[PDB]
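Asks: Sharing a structure, written as structure tokens. Questions coming.
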Ligand SMILES: Cc1cnccc1N1CCC(C(=O)NC2(C#N)CC2)CC1
Ligand SMILES: Cc1cnccc1N1CCC(C(=O)NC2(C#N)CC2)CC1
């Protein structure tokens, strides 16, 4: 037992990280087959980032201006193209460590692992969630751009995020691996403010189920509620509305614990209204929302 | 910016995980060079675990009773020996993926990454700390034993933990890679209660420095204190005493922020006495103690 914020094992993604340099800008690339994917802003000077015309800046760049290094070995760039906000650098060598992989675009509330990298070299791995305002709360310094987010289903890596930007408020924005930003964000150094960072209700409920499975039971109360009544309280507390789809997803955890989803919603309603009174759940003094129901089942069942 | 509970990239350790089966017991082993290390309780029947005589149980075991599988390939066991609470299974094949490595015995308050495994297959990676009572708060199900804890210095893996036991209170105990338990724990299914789980003060202070570096500044107050005055409050709150050695270790973070260590201790003293008043620091409503000062510098500087 015990319940931890757990990342996927990072080895399959470590095998794909490379360094990409263009002029004086270095960041990370993702090497899959004979393509390296990286943020298009690799071509920007610090001055360029204010109002960059990427099509115009890219005209001044040739294949030989993209320096791609895998470990301490140089890869030969034989083509480049821009797709949305990513560059695809065709290299003459397929990555021999390419895992089975997919590109997926996740929904707000979905969790993934980030392999934070600098100069193509892995620094650390952590779990986060796509927030309801399409930001992520990461840990990214200068040269972390092109670090990726992913999920693993057995031996298949689903890449869902590539890091591009830090907003003036220190939260993070990026793209899927087709180069489309999550949410309204752009790869320019300009006024971009995030909307409300609401709490991912379905994920809190999953985590409360994890708490019961792991013996933390004090918050269970004698009440129930309805989706509509719960949602009036969720709204007041900047929680995402709970849908019947979410109730259905929490079905397997409902079955495992014998606690009806709406009973757990009524326990959550009291926690919101009453607070924790100085108590902890799974070692947290706040209600954790970066575990999906699938995460809780996966971790509570030991999937590899 | 941003500050996350970050594990080391797990790839170098994934390359070392194997499955070890003895009779009807399966758990994990660590394959380094031509030795597989695993908990000696692999030889126990559930009945054996109550009062096991490991020397006597081991007499009934031969090399061929230890089944070691690396991926879906069988390794030939050509020797076995017991060292403290681990078995060393000599195999006829050096692990071709053996990283540079060391075995280290860590001190309470030191952090490390765990690669949670089942049947030799990696499930997830998370960061934890050696608690002052020599437990760890992990996430371990049946068949997680032999999962390891480690730190990485560039390309050298320092293995510091191997998982053996879950106490009746759901906290975890294990050994270094010489098979010596951390703290007073034994590999028997008997009454073993943990002592006080005190808070790792030096680590809280490091994390408060991380908070200031990442813009969370509200808790900084107009006060200072002395080690002796602080330690009277630490004692009252089940915090570890702060030593001049800890003050020296927090030196580089003191330098980076311009906040004297004793001023930060006085901010911590007020947080202990006043609580958070519903506020958060780096997204936590409690004072986080599983980042060492070295962790905070490493993450705030982007070491790979
Ligand atoms: C910190 C960070 C995190 N994640 C992605 C990017 C990040 N930074 C964005 C601003 C960059 C910068 O300082 N640019 C200027 C210059 N010269 C204009 C000031 C540094 C990197
Ligand atoms: C859950 C866990 C976590 N970390 C390490 C070990 C862990 N378990 C220890 C008790 C085991 C067990 O059920 N043994 C009996 C039988 N049959 C006597 C009941 C199961 C594995």
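To match Swiss-Prot, the residue numbers of chain B are left as they are there, and the shown ones run 3264-3567.
This entry, so its header tells us, was determined using X-ray crystallography, 1.4 Å.
Backbone N, Cα and C define each Cβ position, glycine as well.
Take a look at what Swiss-Prot says about it:
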CROSSLNK  B:3268  ubiquitin cross-link
ACT_SITE  B:3304  active site, for 3CL-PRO activity
CROSSLNK  B:3353  ubiquitin cross-link
ACT_SITE  B:3408  active site, nucleophile
Asks: Tell me the Cβ neighbour count for the residue listed as 'active site, for 3CL-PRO activity', meaning other Cβ atoms within 10 Å of its Cβ, over all protein chains shown.
Replies: 24
Asks: Of the recorded positions listed here (B:3304, B:3353, B:3408), which is spatially closest to residue B:3268 (ubiquitin cross-link) when Cα positions are compared?
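Replies: It is B:3408, whose Cα lies nearest.
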Asks: Taking CB atoms only, which of the recorded positions B:3268, B:3304, B:3353, B:3408 fall under 8 A from chain A?
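Replies: Of B:3268, B:3304, B:3353, B:3408, the entries that lie near chain A are B:3268.
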Asks: When you measure from the Cβ of residue B:3268 (ubiquitin cross-link), how many other Cβ atoms are you left with inside 10 Å?
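Replies: Taking every protein chain into account, the count is 22.
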Asks: Using C-alpha atoms only, work out the spacing between residue B:3353 (ubiquitin cross-link) and residue B:3304 (active site, for 3CL-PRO activity) and round it to an integer in Å.
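Replies: Taking the Cα atoms only, residue B:3353 (ubiquitin cross-link) lies 17 Å from residue B:3304 (active site, for 3CL-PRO activity).
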Asks: In whole Å, how far does the CA atom of the residue listed as 'active site, for 3CL-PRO activity' lie from that of the residue listed as 'active site, nucleophile'?
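Replies: Spelling it out, the Cα of the residue listed as 'active site, for 3CL-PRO activity' and the Cα of the residue listed as 'active site, nucleophile' are 9 Å apart.
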Asks: May I ask which residues of the same chain, at least 6 positions away in sequence, place their Cβ under 8 angstroms from the Cβ of the residue listed as 'active site, nucleophile'?
Replies: B:3290, B:3291, B:3301, B:3302, B:3304, B:3305, B:3426, B:3427, B:3428
Asks: Which secondary structure state does DSSP assign to residue B:3304 (active site, for 3CL-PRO activity), in the simple three-class scheme?
Replies: helix
Asks: According to DSSP, which of helix, strand or coil covers residue B:3353 (ubiquitin cross-link)?
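Replies: Its secondary structure by DSSP: strand.
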